[PDB]
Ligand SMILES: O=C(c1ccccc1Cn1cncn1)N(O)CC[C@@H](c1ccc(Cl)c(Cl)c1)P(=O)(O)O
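So this first bit is one chain, no partners, the form solved without this ligand, shown in structure tokens.
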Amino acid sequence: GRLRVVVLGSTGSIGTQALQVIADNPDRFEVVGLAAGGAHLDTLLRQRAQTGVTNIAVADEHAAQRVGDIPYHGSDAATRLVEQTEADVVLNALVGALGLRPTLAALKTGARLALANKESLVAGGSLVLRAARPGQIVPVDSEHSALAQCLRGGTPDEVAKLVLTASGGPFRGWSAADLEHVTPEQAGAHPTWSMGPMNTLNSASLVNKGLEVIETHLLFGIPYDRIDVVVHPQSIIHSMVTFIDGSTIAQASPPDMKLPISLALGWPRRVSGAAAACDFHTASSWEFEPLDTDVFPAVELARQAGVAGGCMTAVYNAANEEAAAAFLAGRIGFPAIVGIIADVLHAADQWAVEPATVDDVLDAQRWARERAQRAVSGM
């Protein structure tokens, strides 16, 4: 029947798309809570008005006064909302380290976690996994959503390889020399999704694919050496699974996040009309090419951090946040993005120990941000 959904990060692109899927399907879903940072308030006010949901969390205190009548405000508003709201699904679409505590709180309640927040897995690692039951986390990322669907093609013992697709970004087929004089607006050219400057940048530097590889390992328990990345410029195939008999099962759709959002909210039940399907009435082609790992080391670096274990993938993510920002702020070169991540990881051998608590993870990320900051300061 109808599922009660807490929407964390409601004003971002995933949050607003989720609310649209919810509004179109009132028999399947109802919103019971909203959390937002506070950066966008005209949006949050409209969502309050349209849904009638007054059970809202706003992190920013000044934003919280400006909107008025907000029950959860300040530091851990989102966590408190999740702790005190009865729900069937928590959609965690918060950005950054802010998402980890709401994730653990959400898992403690027994609800399904529709996970969009990368930090939860990439930084939380085993902490989050230990907190979750089998099937409790359902991925919202289009690649992981595609994998979950393709995995219906057999039992776990029959999986040979998971194959993630990457667009290649705007610099697909460029030499390392070419990348040396890449500018912020070159990087943020023709984006597949519409989720902001940082996100489009991570697609260009292939760090997004690196983070997804890490999450694939954690979500599906497949070793890093059985997780492939292929470049697929059309971004129509969203991932594939190759099975032990030689069969490959692929998921394909015109890019539209409403599809994986709807599936994550409603899992295992599909949502009629969520997105447009591939249309075969006009000729088209789906192209595949190997990733040039020499020019784009981000994915191999992700594998190195993943295999190292412990707090290393938290270090990889934290270092990218500082390094990628520094590039957008005209302060370092494009190649130096992954360059800095490597330098930080190479210095991070103390963080190869598994974290015991959330504070351990936050300390590692604190360390990595500072170390990356220091590295940026020398350029």
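Heads up, when I say rigid core I mean the largest set of C-alphas that superpose within 1.5 Å between the two forms. So that there is no doubt, residue numbering starts at 1 and follows the sequence shown.
### in 6 other deposited structures of this protein, rigid core aligned: more displaced of 4 to 12 and 369 to 377 by C-alpha RMS
More C-alpha displacement in 6 other deposited structures of this protein shows up in 369 to 377.
### Query
If you line up the core and then measure how far each C-alpha sits from this form in 6 other deposited structures of this protein, which stretch comes out higher, 334 to 342 or 307 to 315?
Farther from the shown form on average in 6 other deposited structures of this protein: 334 to 342.
### Message
I want to check something about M195: across the other compared entries that model its neighbours, is it left unbuilt in at least a third?
### Response
Other entries vs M195: at least a third skip it.
### Query
Is the mean CA B factor in the deposited entry higher across 231 to 239 or across 285 to 293?
That would be 285 to 293.
### Task
State which stretch shows the higher mean Cα B factor in the entry: 21 to 29 or 366 to 374.
The stretch with the larger mean CA B-factor is 366 to 374.
### Query
When the CA B-factors of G306, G168, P191, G266 are compared as recorded in the entry, which is the largest?
Highest CA B-factor of the listed options: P191.
### Task
Report the option among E185, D88, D256, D245 whose CA atom has the maximum B-factor in the deposited record.
Highest C-alpha B-factor among the listed residues goes to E185.
### Query
Sorting the chain's CA B-factors, does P102 end up in the lowest, middle or highest third?
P102: CA B-factor falls in the middle third of its chain.
### Query
Relative to the other modelled residues in the chain, which third contains the C-alpha temperature factor of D178: lowest, middle or highest?
Tercile = highest for this residue's CA B-factor.
### Task
Name the third of the chain's ranked CA B-factors that contains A63, choosing lowest, middle or highest.
Its C-alpha B-factor belongs to the highest third of this chain's values.
### Task
Can you work out whether the C-alpha temperature factor of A319 puts it in the lowest, middle or highest third of the chain?
Tercile = middle for this residue's CA B-factor.
### Query
Which third of the chain does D76 land in by C-alpha B-factor: lowest, middle or highest?
Answer is highest: the recorded C-alpha B-factor places it there.
Separately, the form deposited with this ligand bound exists; it is not shown, and the next lines address it.
### Message
So the ligand isn't in this model. With this ligand brought over in the deposited bound form through superposition of the site C-alphas, is the pocket blocked (at least 3 atoms within 2.4 Å of backbone or C-beta) or open?
### Response
Here the answer is blocked - the superposed ligand has 3 or more atoms within 2.4 Å of backbone or C-beta atoms.
### 4.5 Å heavy atom contact, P71 to this ligand in the deposited bound form
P71: no, not in contact with this ligand in the deposited bound form.
### Message
Even though the partner isn't displayed, in the deposited bound form is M257 close enough to this ligand, meaning a heavy atom within 4.5 Å?
### Response
Yes.
### Message
When the contact criterion is heavy atoms within 4.5 Å, does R112 count as touching this ligand in the deposited bound form?
### Response
Output for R112 is no: heavy atoms all beyond 4.5 Å of this ligand.
### Query
With the partner left out of view, is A166 within 4.5 angstroms of this ligand in the deposited bound form by any non-hydrogen atom?
Flag for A166 set to yes.
### Query
Just one of 136 to 144, 122 to 130, 302 to 310, 274 to 282 has heavy atoms within 4.5 Å of this ligand in the deposited bound form; which?
Contact criterion met by 136 to 144 only.
#### Entry: Selected contact from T242, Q149, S203, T85, since only one has a non-hydrogen atom within 4.5 angstroms of this ligand in the deposited bound form
It is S203.
### Message
What I'd like checked is whether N25, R28 and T51 together line this ligand in the deposited bound form, meaning each has a non-hydrogen atom within 4.5 Å of it.
### Response
Checked in the deposited bound form: no contact with this ligand for any of the three.
### Task
Could you list the residues in 228 to 251 that come within 4.5 Å of this ligand in the deposited bound form, counting only heavy atoms and keeping sequence order?
Contacts from 228 to 251: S235, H238.
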